[PDB]
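Undergrad: Here it is: the structure, laid out below.
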Amino acid sequence: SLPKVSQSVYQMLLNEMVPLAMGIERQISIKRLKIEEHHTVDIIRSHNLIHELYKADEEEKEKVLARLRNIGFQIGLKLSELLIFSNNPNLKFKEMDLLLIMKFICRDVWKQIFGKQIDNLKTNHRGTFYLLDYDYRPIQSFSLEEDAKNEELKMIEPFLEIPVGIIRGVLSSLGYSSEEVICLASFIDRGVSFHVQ
Amino acid sequence: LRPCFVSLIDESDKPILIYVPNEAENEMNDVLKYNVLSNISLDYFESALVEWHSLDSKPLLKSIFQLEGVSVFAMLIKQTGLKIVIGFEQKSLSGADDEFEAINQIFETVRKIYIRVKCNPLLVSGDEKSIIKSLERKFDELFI
Amino acid sequence: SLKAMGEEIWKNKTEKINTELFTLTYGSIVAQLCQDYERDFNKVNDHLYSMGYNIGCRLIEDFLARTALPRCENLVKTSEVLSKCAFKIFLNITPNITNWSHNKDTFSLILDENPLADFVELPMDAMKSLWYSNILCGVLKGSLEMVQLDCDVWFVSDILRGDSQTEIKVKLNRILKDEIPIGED
Amino acid sequence: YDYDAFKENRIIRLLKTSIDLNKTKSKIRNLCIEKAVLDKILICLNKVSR
Amino acid sequence: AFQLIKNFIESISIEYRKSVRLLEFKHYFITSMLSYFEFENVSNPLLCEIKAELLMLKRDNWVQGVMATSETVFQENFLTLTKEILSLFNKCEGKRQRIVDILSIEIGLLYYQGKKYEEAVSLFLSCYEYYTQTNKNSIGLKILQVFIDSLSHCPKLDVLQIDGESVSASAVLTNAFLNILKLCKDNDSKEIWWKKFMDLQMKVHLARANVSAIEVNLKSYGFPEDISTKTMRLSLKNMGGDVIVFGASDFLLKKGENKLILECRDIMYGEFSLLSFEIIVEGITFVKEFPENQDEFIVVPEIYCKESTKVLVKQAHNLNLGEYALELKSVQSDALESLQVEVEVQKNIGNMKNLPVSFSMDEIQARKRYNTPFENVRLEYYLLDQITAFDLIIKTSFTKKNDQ
């Protein structure tokens, strides 16, 4: 069908714009060094860069988390036109309802980033649509030390601010700016939650 | 087959591009012609005699009017609100359907080449100097 | 030998679309560095290098996990495996090997197509101040040292600024050693 | 800090900061040599004695 | 089915190879007139007239194309009747409100083909600018280019009573809008011939928007008891002017209004002025935000309210390079509180005044927080009075007149 490249380099790219976010905020320009052709580049790596966010001043962390949804915003509002050229039938730009574009996104975006549907969707009829997936793809492979499970959720909480930006981008492709929050919401058998506004 | 103007209109009725592909001609002589036709062709999208249905992945072409011996052809894609209007001169039309589908792939090239530079990931987001002066150096590549 | 085994790994690997993703992702995270610095361009190369380093150092263990390869020593073998079963496995493309030095050291890595600068047009203020695909020098410098070599990589030219090809002139400077498991008694 | 101005030292500054002062010096029209001498003087008086 | 009839109207026009015979196909348009009676089932409706008017518009275009080989002035006197009838038919109870403006401009293009008569396009000058609102980069240039010669040619300066602006103000706004929307190199004759009239007619009450000429800033330095004041670089759009341009930096409690000048002869791009300023307020405080007015008074206040809250914080601090100022010190005192003020004096002499400023009235030279103003004073002594006195504020406004 389409030309394809491998998922394991993309998922590992997708895991680490948060060290890129603290390396863009903290480095406005124990840290290490390397060289190139009569130069140097000062390096700091990911284990010693997400752990500067467990010791983050509160305006610094909230300054970082705008950038993660800004990345998600740019990739979402650039992704929506090519998914329109995929198929995207039977919906409009002003789009007076909301469930027909929540049927769009779980079948049509989240398959093209993660390969499956958002398998639950709950309908508050005044416009708060709950999108629940059970096993989220990039957080399949993260764990803390020997039963220190309390201090890792608050450690790993920047990593869900990419699908804030995705659903901001695919709705600013259809008109406007909205309000978004995230949850964790564990399963019932062998979680994540997003609103709409 | 070779058009005499193309035009792209955004979510609003603000024009993104009103482009002549035979650019600096002997009969330039005004740009008012091929402009007031686009200004009336935005008004012919809420005319009730023609109607664009909302079920399919491939949005459809129409043949809206003819004036000055120039036929217009327009397509509201329904998702990004994009109103795209083209014109041809009258006797370049053959009346057949192979050129009609050639007109449809002229649309499927120009929609593709606009959404490519809508997804050019180095521009600042807006209708700046950059987007129009990239669209012209791609349309000069398409239309000589 | 190799190119059969490269397609053999292209029959049991997880895939997704290279258009409409991943050029979007890399272009979005270079647009952020364009706007984050605030429209300065000789600094984004030295952040994309320092990000590609960290993304290459963890990629090398996945690449040795997929195909069982020994520790490469000469620049016949690294230049063979980079053109045949690293870029073919990870990015579906293959380069070609020209501009070979004296004494088997410094070669070039002309890329035919590029699924990082694919369908990108670069603005006029960065004709002489930006390298676009300079996460690739990050993955090569941070990946070839983890098989205990030591290298240096740099772009020479690019399709976006210049009609000549995208090529990386990788230089062997030295080969690192293995260390003896104590200082002393 | 004048508590050790007469106990084995003099001109030993207390725990203020210098990054905001350097940002204020950069936000004016100060030259590189004058900022070099002023940063050298504040760097010496970050901890000193007399 | 009328669309199907339009397909029939697309049919024979597909099979047309003789333009003298195809005028008989315009007689088929007369048969479409015999369909225009045969489409009517009533007197009036919105959608019925909206479907009815388009075939009459196509017949009007065919009748316009019928005179392609050229009834002396009967066409130019009579086609406006059918055009206004078609516009009245398409003005029936639907939002088709660009047919009305284009049809009115089509009537106005034939009014200008006559003598320069009474205007409707220039009388709706808000609609003339509203064609240029949606950035109409070409239609509104001609819709103002006809109206400029219409208001210039008629030579009676009593304007219409949408707003009675019965002067050269509307034509000056037209000249400014047409010079803004023009090409740069080819608009010298458009610039000079409409910039010459506002020199002689200097009504000169204009508040422009400054899209023609742009501005940019730089760092700020000192001068001989004066401020160099942010040596700006401006762009260019036209031939010349003569403006007493001044910027306006404004802090969180005052407005400096520095970077002034008197004369300017800006003709070249990258104008790169210096804008030397006296009256350096706020002791050259660092929190002076840029209100960024840059009111380049080229015989009209062509301002630009370039406002934000970006906190870029134009600092522009002070310097002491042997210029006359005044200070405050209270040495050689007795056992009660006082103050003193010495000035680095010079030749020219004028006044100063000091005022206390607190939440209560802390200092009191008089019974209230007085002034103690003086002319040509070197050093003196001022007392104080009782409060919870640790550290009060002051403000010593010194109109020194060493400069202007």
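Chains: A, B, ... in order of the structure tokens. Residues: from 1 per chain. Ligands: from 1, in order shown.
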Pick out each residue of segment 6-76 of chain A that DSSP on the backbone tags as strand (DSSP E or B); I need them as a PyMOL selection string.

TA: chain A and resi 6+32-34+41-43

Undergrad: Pull the closest atom pair for each residue of chain A that gets at most 12 Å from chain B, along with the distance in Å to one decimal, counting only C-alpha atoms, ordering rows by chain and then ascending residue number, as a tab-separated table.

TA:
```
residue	atom	partner	partner_atom	distance
A:71	CA	B:121	CA	11.5
A:73	CA	B:125	CA	11.9
A:74	CA	B:121	CA	8.6
A:75	CA	B:121	CA	9.2
A:76	CA	B:119	CA	10.7
A:77	CA	B:119	CA	8.7
A:78	CA	B:119	CA	5.4
A:79	CA	B:119	CA	8.2
A:80	CA	B:80	CA	9.3
A:81	CA	B:115	CA	6.8
A:82	CA	B:115	CA	7.8
A:83	CA	B:57	CA	10.6
A:84	CA	B:79	CA	7.6
A:85	CA	B:57	CA	8.1
A:86	CA	B:57	CA	8.2
A:87	CA	B:57	CA	4.8
A:88	CA	B:57	CA	5.6
A:89	CA	B:57	CA	4.1
A:90	CA	B:55	CA	4.1
A:91	CA	B:79	CA	6.6
A:92	CA	B:79	CA	5.0
A:93	CA	B:79	CA	4.8
A:94	CA	B:79	CA	8.6
A:95	CA	B:79	CA	9.0
A:100	CA	B:55	CA	11.9
A:101	CA	B:79	CA	10.8
A:104	CA	B:79	CA	11.9
A:170	CA	B:80	CA	10.9
A:171	CA	B:80	CA	10.9
A:172	CA	B:80	CA	10.1
A:173	CA	B:80	CA	6.8
A:174	CA	B:80	CA	6.7
A:175	CA	B:80	CA	8.7
A:176	CA	B:11	CA	11.8
```

Undergrad: Using only C-alpha atoms, I'd like a table of the residues in chain D that come within 9 Å of chain E; for each, show the closest atom pair and its distance in Å rounded to one decimal, ordered by chain and ascending number, as CSV.

TA:
```
residue,atom,partner,partner_atom,distance
D:24,CA,E:315,CA,8.9
D:27,CA,E:315,CA,6.7
D:28,CA,E:315,CA,6.3
D:29,CA,E:219,CA,7.2
```

Undergrad: Using only C-alpha atoms, which protein or nucleic acid residues come within 12 Å of residue 21 of chain D? Drop anything in the same chain fewer than 3 positions from it, and give the result as a PDB file with C-alpha atoms, in the first residue's frame.

TA:
```pdb
ATOM      1  CA  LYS D  16      22.566  37.998  47.690  1.00  0.00           C
ATOM      2  CA  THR D  17      22.332  36.987  44.005  1.00  0.00           C
ATOM      3  CA  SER D  18      24.068  38.063  40.807  1.00  0.00           C
ATOM      4  CA  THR D  24      20.093  44.251  34.387  1.00  0.00           C
ATOM      5  CA  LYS D  25      23.651  45.029  33.246  1.00  0.00           C
ATOM      6  CA  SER D  26      22.983  43.255  29.952  1.00  0.00           C
ATOM      7  CA  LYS D  27      19.678  45.082  29.450  1.00  0.00           C
ATOM      8  CA  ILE D  28      21.488  48.446  29.470  1.00  0.00           C
ATOM      9  CA  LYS D  35      30.914  44.019  32.097  1.00  0.00           C
ATOM     10  CA  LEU D  38      32.258  44.394  36.884  1.00  0.00           C
ATOM     11  CA  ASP D  39      31.633  40.639  36.710  1.00  0.00           C
ATOM     12  CA  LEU D  42      31.399  40.843  41.811  1.00  0.00           C
TER      13      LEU D  42
END
```

Undergrad: Counting only C-alpha atoms, figure out which residue out of B:122, B:135, B:144, B:61 gets nearest to chain C.

TA: B:122
